[PDB]
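Read through the structure below, which is laid out as structure tokens, and then see the notes.
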Amino acid sequence: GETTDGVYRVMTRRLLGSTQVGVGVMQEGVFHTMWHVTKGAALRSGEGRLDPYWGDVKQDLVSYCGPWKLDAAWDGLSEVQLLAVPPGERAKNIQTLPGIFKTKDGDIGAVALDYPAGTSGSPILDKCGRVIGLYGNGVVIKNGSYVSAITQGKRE
Amino acid sequence: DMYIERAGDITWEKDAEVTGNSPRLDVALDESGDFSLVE
Ligand SMILES: COc1cc(COc2cncnc2)nc(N2CCNCC2)n1
């Protein structure tokens, strides 16, 4: 199948038409997405089959064909870009300064950008172009607007 | 059966659209991976 580095839509035909349930990142021949996008299910790429290798419902992350590869981190200071990939619409960079998720276990970057659910798994970038995590898990605030964590996995 | 289609390269785009605010929020994370507002 296609194993080129870059960002991918995740599609199903199980509903009406073709439907974009999420997004993901191919790097080093591993496919990275959010667990709620695939629920651990196998994926097809041309005739290629991708099988799940690692996942954790709590991190809401899953890798295919290999272990989690993306280790870059938000530095805590600089702006970042959501490389957003909405259903039926062209990949679009949105530059933003992340806020913060304060938790009993520590602080995580957050990105306040509101896109349809099928955008879950779109990657977040530092200025050098490295992926520092995935958009699409997080929370709805007072306003009714949506705020996502910068969700990053651990590399071995 | 889900399938993937390539949607672009992963690159920083100079003069991208700059929007969004930067809010500090107190959150809990349950066993199901669902974040919630701790107010
Ligand atoms: C935390 O981020 C999100 C957003 C969404 C979809 O809601 C949105 C509403 N408005 C605009 N854009 C999106 N679903 C999920 N999930 C993941 C975990 N439960 C399964 C659905 N997460």
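Sequence lines, in order, name chains B and A. Just so it is clear: in the first sequence, position 136 is 151 by the deposited numbering, and no numbers are missing. Just so it is clear: in the second sequence, position 22 is 71 by the deposited numbering, and no numbers are missing. By construction, the Cβ of each residue, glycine as well, lies at the ideal position given by its N, Cα and C atoms.
- Around the Cβ of residue 80 (chain B), a 10 Å sphere holds 16 or more other Cβ atoms; the residue is buried.
- Between residue 116 (chain B) and residue 76 (chain A) the beta-carbon gap is near 5 angstroms, inside 8 angstroms, which marks them as a contact.
- For the pair residue 72 (chain A) and residue 146 (chain B), the CB atoms are not nearer than the 9 angstroms cut-off.
- Using a Cβ-Cβ cut-off of 9 angstroms, residue 18 (chain B) is close to nothing in chain A; its nearest Cβ partner there is about 10 angstroms away.
- The alpha helix (DSSP H) runs of length 4 or more contained entirely in the segment 43-128 of chain B are, from start to end of the chain, 50-53.
- Distances from the CA of residue 18 (chain B) to each of B:39, B:35 and B:34 were compared; the closest alpha carbon is that of B:39.
- For the segment 139-152 of chain B, residues whose beta-carbon sits nearer than 9 angstroms to a beta-carbon of chain A comprise 140, 141, 142, 143, 144, 145, 146 and 152.
- A distance below 8 angstroms between beta-carbons, with the five flanking residues on each side excluded, links residue 90 (chain B) to the following residues of its chain, in chain order: 141.
- In terms of CA proximity to residue 74 (chain B), A:81 leads the group A:55, A:85, A:81 and A:86.
- Put simply, the segment 98-106 of chain B touches the segment 125-140 of chain B. At least three CB pairs are less than 8 angstroms apart.
- Per DSSP, residue 17 (chain B) is not a residue of any beta strand (DSSP E), being assigned neither H nor E.
- Residue 55 (chain B) and residue 58 (chain A) have their C-alpha atoms roughly 25 angstroms apart.
- Short of 7 angstroms from the beta carbon of residue 109 (chain B), and not among the five residues preceding or following it, lie these beta carbons of its own chain, in chain order: 96, 97, 99 and 128.
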